[PDB]
There are 2 protein chains.
Amino acid sequence: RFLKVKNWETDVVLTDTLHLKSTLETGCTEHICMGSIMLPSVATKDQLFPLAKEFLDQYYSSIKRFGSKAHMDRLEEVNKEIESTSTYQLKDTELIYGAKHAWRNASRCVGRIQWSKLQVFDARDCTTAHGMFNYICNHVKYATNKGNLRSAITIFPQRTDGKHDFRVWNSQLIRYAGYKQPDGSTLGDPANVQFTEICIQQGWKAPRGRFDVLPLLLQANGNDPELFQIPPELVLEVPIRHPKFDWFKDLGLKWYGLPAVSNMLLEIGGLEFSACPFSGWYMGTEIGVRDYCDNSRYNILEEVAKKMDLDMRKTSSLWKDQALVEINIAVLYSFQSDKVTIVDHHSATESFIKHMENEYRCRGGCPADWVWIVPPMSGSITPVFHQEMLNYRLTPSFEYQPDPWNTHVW
Amino acid sequence: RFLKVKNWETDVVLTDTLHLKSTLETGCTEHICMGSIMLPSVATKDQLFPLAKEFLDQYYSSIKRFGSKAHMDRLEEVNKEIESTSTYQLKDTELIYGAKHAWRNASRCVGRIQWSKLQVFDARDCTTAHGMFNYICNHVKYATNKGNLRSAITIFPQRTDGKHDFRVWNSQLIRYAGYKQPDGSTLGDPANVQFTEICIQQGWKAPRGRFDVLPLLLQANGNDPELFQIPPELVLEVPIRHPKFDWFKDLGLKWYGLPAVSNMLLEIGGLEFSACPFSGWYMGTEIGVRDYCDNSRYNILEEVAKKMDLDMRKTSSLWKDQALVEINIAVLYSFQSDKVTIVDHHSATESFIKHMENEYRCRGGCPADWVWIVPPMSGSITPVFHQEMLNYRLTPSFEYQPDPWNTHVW
Ligand code: HEM
Ligand code: HEM
Ligand SMILES: N=C(Nc1cccc(CNCCc2ccc(-c3ccccc3)cc2CN)c1)c1cncs1
Ligand SMILES: N=C(Nc1cccc(CNCCc2ccc(-c3ccccc3)cc2CN)c1)c1cncs1
Ligand SMILES: C[C@H](O)[C@H](O)[C@H]1CNc2nc(N)[nH]c(=O)c2N1
Ligand SMILES: C[C@H](O)[C@H](O)[C@H]1CNc2nc(N)[nH]c(=O)c2N1
Ligand SMILES: [Zn+2]
């Protein structure tokens, strides 16, 4: 009931008691571990108050006023609001706490050493897609900060009945389009082929190229979603060059500076925020390994190995690995030479171990998803490979949610 | 009760029903996933017969004579032997089945496409450490096969009372020694510093160098273990050169051809074989990434990056990654140019996916430990990174066991 996690590169042992506070379930059982399943699986007033109480008890505990008078009155006040409306409203402070701790609690996120320095934009007064556009533009501008990127989240009104959701239909605020071709190939980002055509369905005039920034498809208060184009000046992009290979620029690769996930759901005290785009900055491998080198993505190991004049005749020449390192040196170099925030997988994984020690010390644990924390290349030469991690579900939290076009009564 | 695993690089879906046959437990619960914990945790006649029956039922099922007369007689015969002796003896055929399926069931093993082509050496008539030496030498000679390596297992007598165990005290039949220095550094393999000194305690005269093959410490029928030196001619080694960098030979690196784990316990029908050294061949990354480049192992990223004249001033130059690829190209090249069996992580992981499809098809599942199946470099450019895997414990199985010097009443 007081579990131990060991680091086998350092022989460091941390004791986890925070998992005792875990509420949700993991997918694993006593007889089957589901740690590698990608996705693991209306709210009534009866279920709502325990969740509110739990949250308010940790909120008031954190500001060193647990059991104080303001706590009991707020507990009473939220119960009375749940009785009347079968829901309730968070104070601005409780909203900022919840979002920060949802990030703190995101076990798949290696970037959490920064969780307390999160900028919370309260967009709960928003009523229209245009207002969402406005809020999102201000989010992008603020988080981008001329390349000195800043963590931020914009929180649209919470789900109520269920038929009146706010959704950003983009999976990220800034993504490149993906078009299939006559010959069945894929121009741009294959990940977004369906979403690109959804925008073309709703009326997007596509500039059928590679790195075309998709429009925003914004649904407000359950209404049908509406297209908006982010001002190009707000979309900071990095052309990818290599510090040695001058042909690398001829690849014409570029990526956007700001990673901003917009398809997740934020849970705070049983309240559900279906539109809560959050942004930080990139770990280099996200672009250089996954985005560029996944087979089902841009898939450029082919061309880079060619230009490096690599032995591509069999697997065992490791030409794939060799080109993968050059690509990631190029992403990091390009971002840093442009003063656009980025972190290499070595710095970020070391920071995550330091983060883990802090959390185990000043919190009794740190839920962590090894499958997702270990970077997609160079696993074992980073310290997280050798770090045992306990995964468990704490709340406030970020949850997955269906794509809105699969669920929306149209 | 009929779980689905998806490959997200291929959109392939496999349905797992074999997990229903799972007996042991995983360490995970509904509320906590332990998929990244390295190690997860006398036998009476009462518990013994269900385990025998279970095993014999799958054995006779596999030879298409389940419920036949020979099955019932063997079930009766083993029950009568458990009644009399509170244990029993496997037929040679049942021993070969059990070992093969223990390997088939090893969820952390990416090499299992070969599980049915395993050479089983029955050493259950062995009574002394010298007989163990003999058997082990013949194992090494056979499995090595002049570089055309062959899978094999040597199975010493099963545990009886518990105080009469056969143990190989080496973690692998062939490992390099590790010596600490006056300046507290480490010559050779730091992994084996304690075991190297244990041999020096029992009387090994150490040639305090780098790649000194350790002696065998063999315990037979519970007696104190005894030192034996494998004939050098039986120990096949590969000098590590690079196909491009001629200074690479000046590193003077070499590794042994034959990976043969000797510290695990083989469970077959409730019977426990505490000495069961098994060998196959190397996946390249085991040597080139873990053995050479773990901080707590040979730790040669330092020197290789130096000779490559790499920018070693900060992490973000990826000099560590770059040197890691060159080292693994060198291991694969050196082994292949010497006709010593080796498999690169690309070929082995592709084979494991093919293996998985076979098992799900002709067996309903394949327990798999993603944390261990994904190679320690280039994770996501291999197909197992994108493959969801269910981990669960099937028997016959290979289990960990305490190091014998921690348990042996001396
Ligand atoms: C500040 C720099 C940040 C870095 C370097 C970072 C890095 C990462 C990485 C590499 C992942 C793995 C997911 C993937 O590979 O697609 C991840 C996951 C995640 N991050 Fe962070 N992140 C940062 C900021 C944030 C912020 C500000 C939030 C929330 C406010 C957040 C919440 C999450 C969540 C919920 C996941 C899980 C995603 C999923 O399950 O698909 N991260 N992060
Ligand atoms: C034939 C070629 C083989 C290859 C390429 C191979 C490869 C691997 C690799 C890379 C691992 C990961 C463990 C580590 O990184 O230390 C592993 C684990 C394992 N293998 Fe295989 N193996 C082979 C043969 C065998 C055989 C013949 C057996 C048993 C008879 C076996 C049983 C196991 C077991 C029990 C584990 C889990 C080890 C642990 O939990 O520490 N393997 N294998
Ligand atoms: N630095 C960052 N990174 C990052 C952080 C959180 C989440 C993500 C993206 N996580 C996507 C995981 C995923 C989910 C679904 C599918 C998928 C694909 C096809 C069909 C169905 C589902 C695929 C993937 C990744 N293959 C990136 C940041 C982005 N914002 C703030 S920080
Ligand atoms: N190709 C092969 N590979 C392979 C297969 C099975 C097992 C292994 C070795 N698995 C070792 C995992 C391990 C266990 C304990 C400790 C440890 C270290 C210090 C203290 C306590 C425990 C460390 C490690 C690895 N870091 C390699 C083969 C070897 N034979 C036949 S195939
Ligand atoms: C099958 C597997 O769960 C899937 O590919 C996961 C593995 N680990 C990951 N880790 C990160 N950071 N991002 C991912 O998309 C994935 N994908
Ligand atoms: C903490 C973690 O479980 C540990 O380092 C594991 C991770 N995955 C591994 N995978 C393999 N193949 N071999 C290992 O030694 C390990 N070590
Ligand atoms: Zn699990």
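Note on naming: letters A, B, ... go to the chains in the order of the sequence lines (proteins, then strands), and numbering restarts at 1 for each one.
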ask   = Got a donor-acceptor contact below 3.5 angstrom from the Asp189(B) side chain to the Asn192(B) backbone?
value = no

Winner by heavy-atom pair count (cut-off under 4.5 Å) against chain A, out of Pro243(B), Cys293(B), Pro367(B), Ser316(B) = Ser316(B)

key: Side chain proximity check, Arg290(A) to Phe385(B), heavy atoms < 4.5 angstrom   = yes

key: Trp8(B)/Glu388(B) under side chain to side chain donor-acceptor pair (under 3.5 Å): CA gap, chis, key distance, verdict   = CA-CA 8 Å; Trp8(B) 298 85; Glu388(B) 296 177 348; 2.6 Å; yes

key: Residue, of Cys33(A), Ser22(A), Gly379(A), that accumulates the most heavy atom pairs under 4.5 Å with chain B   = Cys33(A)

message = If you count heavy-atom pairs within less than 4.5 Å of chain B, which of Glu326(A), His345(A), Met38(A) leads?
response = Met38(A)

request  = Would you indicate whether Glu302(A), at its atom CD, is surrounded by more than 12 heavy atoms from other residues, nucleotides or ligands within a distance under 6.0 Å?
outcome  = no

ask   = So how far is it from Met389(B) CE to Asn7(B) CG, rounded to the nearest 0.5 Å?
value = 8.5 Å

ask   = For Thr23(B), is it the side chain, the backbone, both or neither that has a heavy atom under 4.5 Å from a heavy atom of chain A?
value = backbone

note = Ranking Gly35(A), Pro383(A), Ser36(A) by heavy-atom pairs under 4.5 Å to chain B gives rank one to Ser36(A)

query = Contact part of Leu24(B) toward chain A, heavy-atom cut-off under 4.5 Å: side chain, backbone, both or neither?
reply = backbone

Contact leader toward chain B among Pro375(A), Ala368(A), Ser317(A), where contacts are heavy-atom pairs under 4.5 Å = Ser317(A)

query = If you tally heavy-atom pairs under 4.5 Å against chain A, which of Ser347(B), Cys28(B), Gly27(B) wins?
reply = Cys28(B)

query = Under a 4.5 Å heavy-atom cutoff, which of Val325(B), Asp321(B), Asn391(B) has the most pairs with chain A?
reply = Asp321(B)

query = Which atoms of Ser107(A) come close to chain B, meaning under 4.5 Å heavy atom to heavy atom: side chain ones, backbone ones, both, or neither?
reply = neither

request  = Output the option from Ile37(A), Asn328(A), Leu332(A), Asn295(A) having the highest count of non-hydrogen pairs under 4.5 Å with chain B.
outcome  = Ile37(A)

message = To the closest 0.5 Å, what do you measure between OG (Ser296(B)) and CG (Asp11(A))?
response = 8.0 Å

remark   = Under 4.5 Å to a heavy atom of chain A? For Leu324(B) that would be side chain

key: Contact check, side chains of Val331(B) and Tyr282(B), non-hydrogen atoms, under 4.5 Å   = no

request  = Flag the pair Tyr292(B) / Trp255(B) as yes when their ring centroid distance falls below 6.0 Å, and as no otherwise.
outcome  = yes

request  = Examine whether an atom of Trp319(B) lies under 4.5 Å from a heavy atom of chain A, and if so say whether it belongs to the side chain, the backbone or both; otherwise answer neither.
outcome  = neither

remark   = Counting heavy-atom pairs under 4.5 Å with chain A, the top scorer among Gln336(B), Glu9(B), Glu30(B) is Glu30(B)

ask   = Can you tell which of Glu350(A), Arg393(A), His19(A), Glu25(A) has the highest number of heavy-atom pairs within less than 4.5 Å of chain B?
value = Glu25(A)

task = To the nearest 0.5 angstrom, please state how far the CZ atom of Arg363(A) sits from the OG1 atom of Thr17(A).
result = 10.5 Å

